[PDB]
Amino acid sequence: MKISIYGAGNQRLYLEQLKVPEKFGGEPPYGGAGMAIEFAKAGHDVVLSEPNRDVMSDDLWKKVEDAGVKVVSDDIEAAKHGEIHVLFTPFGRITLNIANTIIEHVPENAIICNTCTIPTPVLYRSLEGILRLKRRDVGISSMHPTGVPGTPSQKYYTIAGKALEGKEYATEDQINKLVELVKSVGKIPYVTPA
């Protein structure tokens, strides 16, 4: 599939402060860049949008590019690529901002999903005007890793599905597409009510 990831992740944080290779193992880059690599090695067409080059060293960047990941710095160019748009914002600082930036540019029937735990209805309500009136084809969901992407113990992804009280923020096809994306990289998908 064509996947767009927004945010490579500050790799220094993972290495200096969090000591991920020592505590959980695996190998940098982690997070969004780690997801991009794993997706690409699974045969997916991956574009990673990152405005700040300094998020990782040249050696780590080469690692990303060696996986087949196309790296851009313009979110709008990334917006026109993916049928799935993964907002890697574990701190949820710019989640709503990126979504607002890319929503009018994403191709028909594309999916926008966050990796953090901002509720899908919240993400939807921030874009309700556009999603109801101009982009009814766009699905809103989640791609939330239980652990740190790139770590061997990261096995689960939580996907926001149809709400308990009926509201569908994405089609069943769109949700199924996310489910198979998770399994394509040997991970376990888990669909929850939005």
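One-based numbering along the sequence shown.
Asker: Between 75 to 83 and 113 to 121, point out the one with the higher average CA B-factor as the PDB entry records it.
Answerer: Mean C-alpha B-factor is greater for 75 to 83.
Asker: Using only C-alpha atoms and the B-factors in the entry, which stretch averages higher, 84 to 92 or 100 to 108?
Answerer: Mean C-alpha B-factor is greater for 100 to 108.
Asker: Among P51, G139, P29, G43, where is the Cα temperature factor highest, going by the PDB entry?
Answerer: In this record, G43 carries the highest C-alpha B-factor of the candidates.
Asker: Check where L13 lands among this chain's C-alpha B-factors and tell me if it's the lowest, middle or highest third.
Answerer: For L13, the deposited C-alpha B-factor lands in the lowest third.
Asker: Sorting by Cα B-factor within the chain, modelled residues only, which third would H144 end up in: lowest, middle or highest?
Answerer: For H144, whose C-alpha B-factor we compare with every modelled residue in the chain, the answer is the lowest third.
Asker: Divide the modelled residues of the chain into thirds by Cα B-factor and specify which third, lowest, middle or highest, holds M1.
Answerer: For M1, whose C-alpha B-factor we compare with every modelled residue in the chain, the answer is the middle third.
Asker: In terms of the chain's CA B-factor thirds, is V47 lowest, middle or highest?
Answerer: Middle third, going by the recorded CA B-factors of the chain.
Asker: Splitting the chain's C-alpha B-factors into thirds, which one does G150 fall into?
Answerer: Its C-alpha B-factor, which the entry lists for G150, ranks in the middle third among residues of this chain.
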